[PDB]
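So the chains spell out like this:
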Amino acid sequence: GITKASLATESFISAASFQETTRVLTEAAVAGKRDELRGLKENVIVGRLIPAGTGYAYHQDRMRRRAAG
Amino acid sequence: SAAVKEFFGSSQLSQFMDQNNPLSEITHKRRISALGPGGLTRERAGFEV
Amino acid sequence: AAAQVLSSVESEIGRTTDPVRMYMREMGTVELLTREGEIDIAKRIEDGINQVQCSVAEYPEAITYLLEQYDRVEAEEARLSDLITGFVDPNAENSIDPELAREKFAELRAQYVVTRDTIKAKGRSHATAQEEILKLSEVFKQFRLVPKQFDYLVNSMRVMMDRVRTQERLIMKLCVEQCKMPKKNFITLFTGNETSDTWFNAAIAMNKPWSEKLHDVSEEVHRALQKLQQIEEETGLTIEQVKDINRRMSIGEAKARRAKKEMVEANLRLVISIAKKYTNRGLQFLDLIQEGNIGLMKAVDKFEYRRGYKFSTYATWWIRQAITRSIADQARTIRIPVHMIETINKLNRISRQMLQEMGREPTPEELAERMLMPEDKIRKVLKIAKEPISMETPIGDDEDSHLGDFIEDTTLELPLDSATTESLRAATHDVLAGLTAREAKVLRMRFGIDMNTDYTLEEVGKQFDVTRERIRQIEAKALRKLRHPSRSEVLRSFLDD
Amino acid sequence: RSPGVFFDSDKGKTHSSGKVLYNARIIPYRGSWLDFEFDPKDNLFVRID
Amino acid sequence: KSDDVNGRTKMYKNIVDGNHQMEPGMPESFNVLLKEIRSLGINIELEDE
Amino acid sequence: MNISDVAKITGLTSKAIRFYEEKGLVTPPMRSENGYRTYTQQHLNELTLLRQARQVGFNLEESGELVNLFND
Amino acid sequence: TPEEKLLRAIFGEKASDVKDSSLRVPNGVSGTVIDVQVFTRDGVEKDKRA
Amino acid sequence: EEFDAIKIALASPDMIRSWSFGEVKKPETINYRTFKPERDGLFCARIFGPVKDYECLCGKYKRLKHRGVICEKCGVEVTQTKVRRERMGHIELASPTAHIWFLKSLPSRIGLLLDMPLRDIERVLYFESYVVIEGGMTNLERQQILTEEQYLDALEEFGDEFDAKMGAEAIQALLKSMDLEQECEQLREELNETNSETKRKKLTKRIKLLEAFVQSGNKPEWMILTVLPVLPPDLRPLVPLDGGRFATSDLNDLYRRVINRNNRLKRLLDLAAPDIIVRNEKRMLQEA
DNA sequence: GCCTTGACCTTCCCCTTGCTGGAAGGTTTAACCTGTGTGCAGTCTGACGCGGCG
Ligand SMILES: [Zn+2]
């Protein structure tokens, strides 16, 4: 289903945004979660560039920096 | 006195009336509602009403 | 049976959550029992402390005793205050004059000096030595207990036993964890000697192949028994009678302990009655009810039975004071101590009658007259009388937005004035470049620019050199250099800053 | 809504049935309410407030 | 234009020097949220790069 | 003794007595554990002496010396 | 600060232990005054314009 | 500013301490005219840091001149008032308590772990039914529910030889007791027998849950609260407006009452009073 | 521009009578009186979980 796919997500923060943040972060902090910051929203809240638009061209540089530390 | 003055001035029925035009007054007092206590709510309420 | 019915009810609590139900449906179990509950519980409590104070006497180890405390307080020639009022004081079944005390504190000395000699009369437990024990006791049993000071007399046992006991535990910590030992043999053998390690060979006579491996820790084991034995030398009496007196008065205090309980459970319903009579909405139900329970504790924990009244009323007003304080200490995040509180109370007690007999609100001067006290107090009272109003109140017509939006951060900066101040600084040091290096530098430091701290006249001097007044005249020099209506224009607008 | 006594008929909310749900209610100017109603499986039930 | 403080001040000072440049940081409402989670018994944190 | 009873017996008030004790003008009265200044018949007559001493004209100092006289 | 300190060391002007609370016209508004009303407690002196 | 990733886990008492600066000890805030924070109240600058930019409470230290320095009159350190935001507080408790989220959401995530109903656990912590810690004797078992009369019948049957209790510390020690590991491998293989719908699902979620606890490094011990953190003040302020009236982040109220009852408990702690009323106070805490 | 050089001022703390008034902070009274509640809340509701219960 649509909304359940929104909730049932790889990451948790955009999931933690808008619809029952409670259960999200409960089942997250028990689990030792960590998101790896490739969603848009994920880069919105920090205010960093999106991995996208104009910014994909730099986010790819960041991605090969993730490869090259 | 507490009860009565609270009603006459902090109920959501008393309002600062409309000093635009005469009809504004006469209609604003010739209003009817089903909001507030013993009443309804727009989200609770539907279309038939 | 209420537990019989609490059984079913708790079996089918309809997912109820309120501890009001829990506490009240629990304390409803035990009913009222008074009017001889009061007096028999009283006789039991006083019998508890009676057998305590009976136990207290005949003291071999608690050598510092009421005669000592009475000389310590009589060390500086005088006292008739409360700490004597606890002392011996035979009630004829209350300030104490010298001669009466000096008498009552004397035949006890006689019983001691005639008693301490027979302790060695063919043993601690001789017939006539025990006669002087029991007779010293009987000499005391006409008298009563003595004050909370006596607490430390009990402590002088515990802090010994706490130590002695601990050493045994310590010895066991050294004896019992590393190697194996028996627990049917160790007991009676340990009880056997109590003085020398003769139970060592007696226990090991079974030849106990683990007992052959008594090495590498014995230098600790025997040195932990050394601590117990040196405490035994310090005591000077081996312990079975001190244990007797201890558990005697220990049940003696537990007596009063558990006896005062059923008085706790006697009168809980008056407590809730009053708390709900005052839960006219000061704070909340339960905390009030609980302060009332402390109410009932201290009411019972001191009670005079001799008066012949009902316990409950004595208790009642004690409870009233406890809660009627605790309402007023707390119940505001602002602290307003009690004196202001009762001022406000009586103020309004007068205000109600001014409202009637005027039909109209009061005036500060009128109730100042009626109260006979001055204006500005009333002013600052009414300034202070009011309470805070909840950051997130709904100031909108609907939930439009609460009060938070309508608040200013009137604290931090103006970016305009920040940049303006940076510009002030820029222009100022630009000018300081334009004046003498000596004057400019020495004035940067004299006014504290270019560093953290501000030097002064003589200190700047004796850094530079000893001068005082030509330093002032150097200041005037720099003023003339700056006054100079060609360079002012970088600050002739900061004139207006 | 006035006081007195009102009736109504809900439209088979166990729409497995597609069946009527008659129910009746009183309303005072003050006090407690009362609700009478039929279940789908042919039995009366009642509830105050 | 909303939250970060160093940036807003710096850039004000800079465009007054005709500089159309940026120097970002991190917002404040974010760290607010961090504190308001850590209140709830939570070892939220951030990984170094 | 009861400190108010004593101050009314000597006519003074408690802070007067305390002021005088601050100035070391009498025998020291003890407290009680609750903190009540243990006055006395000794302090009774010391305070009555120190009372009439200044009404006569003896200051804090010479009236303290008069209570020294009595205590001598 | 040492620099405002410096300016008021140069010219030596001061501030009193009072400041202003002048009511003013909000921005952009302009107009005509046609009435004033003042209220004062019962007991305080009614001043000159009062 | 820069960083890689977000990281979440359960928090230890040790680390809630490590974050904090000093513990609070009383509920008050300020005077009613000399609007000045107290010691160990809620705005005490000692722990949270100073009040203005580098000024002490009395005015001893000022203007950055003594940077890493303290007015030990009050005991407030010379710093900016910028750290109103940051320096959280901490609190220690008498008896720990349970976090409502870790059960009272839908599925508990903690009682579920132990296959246990919610209602039993409710009856425990609102002090309605005892339970066995663990089976000392062979008669009775772990997770074995006890009502007080039944508790007692078992007691007079044995006396000392078992471990039974009502309250949370019971549950604390319980979840401390178990091991993820062997139960995980059990429920893994136990799947095989009846891998119908129900047995499979239940064993599934449990196995996954256990492994989650393992490999995250998280812990069941930390499920509940021997400690509590205090939020800094400016996030929860208490300030006047023009008319002379204060306004209060209502949170403040939610805090302050709690503290006082904690210390009330520490009063009664000196007494070994009837544990009934003590239970009343515990209930009151958990509710608050 | 280096030095005092003497001699004058202003401020700020601290001191000397004989107390007084104020603020904050404590502890006990014997006639008594024994299970709330107290105004909610008007039932929104469809999808979806899951507990018990067949
Ligand atoms: Zn300070």
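Labelled according to the PDB entry, chain F appears under the name HTH-type transcriptional regulator CueR, originating from Escherichia coli. Under its PDB header, the title given for this structure is "CueR-transcription activation complex with RNA transcript". For the record of chain F, the UniProt heading Subunit holds the text "Homodimer." UniProt annotates chain F under Subcellular location with the comment "Cytoplasm".

According to the UniProt record, the Subcellular location comment for chain C reads "Cytoplasm". If you open the UniProt record of chain C and go to Sequence similarities, you find "Belongs to the sigma-70 factor family. RpoD/SigA subfamily."

Structural notes on the overall build of chain C
Secondary structure summary: chain C contains 23 helices and 0 strands in total. The C-alpha atoms of chain C give a radius of gyration of 40 Å, which is well past the 23 Å a tight globule of 497 residues would have. For chain C, the C-alpha atoms occupy an extent of roughly 115 × 80 × 65 Å along the three principal directions.

Quick word on the interface of chain H and chain E
Contacts between chain H and chain E engage 20 residues on the former and 16 residues on the latter. Buried surface at the junction of chain H and chain E, summed over both partners, amounts to about 1800 Å²; 64% is from carbon and sulfur atoms. Of all residues in chain H, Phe3, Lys7 and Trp19 of chain H give up the largest surface area on contact with chain E, accounting jointly for 30% of the area buried on that side. The tally of links between chain H and chain E comes to 1 salt bridge. Counting every contact that joins chain H to chain E gives 5 residue pairs in polar contact. With 3 residues, strand β1 (residues 5-7) of chain H is the largest single contributor of residues to the side of chain H that touches chain E. Here the residues of the side of chain H that touches chain E sort into 13 nonpolar, 1 polar and 6 charged. Across 3 bridges, strand β1 (residues 45-47) of chain E lies against β1 of chain H in antiparallel orientation. Residue pairing for β1 of chain H: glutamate 45 of chain E is matched across the bridge by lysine 7 of chain H.

Observations concerning the interface of chain H and chain C
Contact with chain H, which involves 40 residues of that partner, is made by 41 residues of chain C. With both sides pooled, the region where chain H packs onto chain C buries about 3600 Å², and carbon together with sulfur makes up 55% of that total. The interface formed by chain H and chain C holds 2 salt bridges in total. For the salt bridge of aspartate 287 of chain C with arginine 264 of chain H, the shortest nitrogen-to-oxygen distance reads 3.4 Å.

Some details on the coordination of the zinc ion
For a metal with four tetrahedral donors the ideal donor-metal-donor angle is 109.5 degrees, whereas six octahedral donors ideally subtend 90 or 180 degrees. The protein atoms that coordinate the zinc ion are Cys71 of chain H (SG) and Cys74 of chain H (SG), at distances spanning 2.4 to 2.6 Å. Neither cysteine 71 of chain H nor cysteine 74 of chain H differs from the other in exposure class; each is buried.

Rules used throughout
Residues numbered from 1 in each chain as written, not as in the entry; some residues may be left out. Chains lettered and ligands numbered in written order. Part of a larger assembly, values for the part shown. Heavy atoms only, no water. UniProt positions renumbered as here; feature names shortened; annotations may be inferred. Helix = DSSP H or I, 4+ residues; strand = E, 2+ residues; numbered from the N terminus. Rg over C-alpha atoms; globule rule 2.2 N^0.38 Å. Contact = heavy atoms within 4.5 Å. Buried area = accessible area lost by both parts, 1.4 Å probe. Salt bridge = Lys/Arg side-chain N within 4 Å of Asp/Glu carboxyl O. Polar contact = N/O pair within 3.5 Å; in protein donor to acceptor, adjacent residues only side chain to side chain. Nonpolar A, V, L, I, M, F, W, Y, C, P; charged D, E, K, R; others polar. Pairing = 2+ DSSP bridges. Donors = N, O, S within 2.8 Å, 3.2 Å for Na, K, Ca; no water. Buried < 20%, exposed > 50% of the residue type's maximum accessible area, 1.4 Å probe, protein only.

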